[PDB]
Every structure is written in structure tokens, then in C-alpha cells.
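The form deposited in one PDB entry is given below as one chain in C-alpha cells.
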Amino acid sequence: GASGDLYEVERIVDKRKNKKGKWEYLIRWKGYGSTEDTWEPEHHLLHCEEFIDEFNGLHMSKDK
């Protein structure tokens, strides 16, 4: 199952910039969800870009 770092993602919460100006996506993992909201790097968050698209949908974001 969960081999290490990438626990069972419920969904993407949100995204932000790092103090070094890097893309971190606030991801929640199931079981804690709301109080889980943890900042995972873009290039390690998920093997599926569908989750990133889900963020753009749930935040109601006109981006093209």
C-alpha cells in the first residue's frame, strides 16, 4: 500500500508559493482531510494531473 511519503490523498485542498517562490500544492489525506491540509511540492504531489485539474474546478478558477 502506502510505501512512504504519498499517503492516501483525499483531494487537493489548494496551492501556494514557497518562501523560495516554488509551487506547493496543499493536499489533504483521508482520515484527517480538513485538519490534514499539508504542503506537498508540485513535482512530487501525485502521478495524475487530474487532481491538479480538480483543484482548478473546486476553487472555481477561470484559467486558460
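From 1 onward, residues are counted along the sequence shown.
Omitted here: the form solved in complex with a partner chain. The next part is about that form.
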Do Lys20 and its partner chain share at least one heavy atom pair within 4.5 Å in the entry with it bound?
no
State yes or no: in the entry with it bound, is some non-hydrogen atom of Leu46 no more than 4.5 angstroms from a non-hydrogen atom of its partner chain?
yes
Within a 4.5 Å heavy atom cut-off, is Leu58 in contact with its partner chain in the entry with it bound?
no
Would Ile52 count as a contact of its partner chain in the entry with it bound, using a 4.5 angstroms cut-off between non-hydrogen atoms?
no
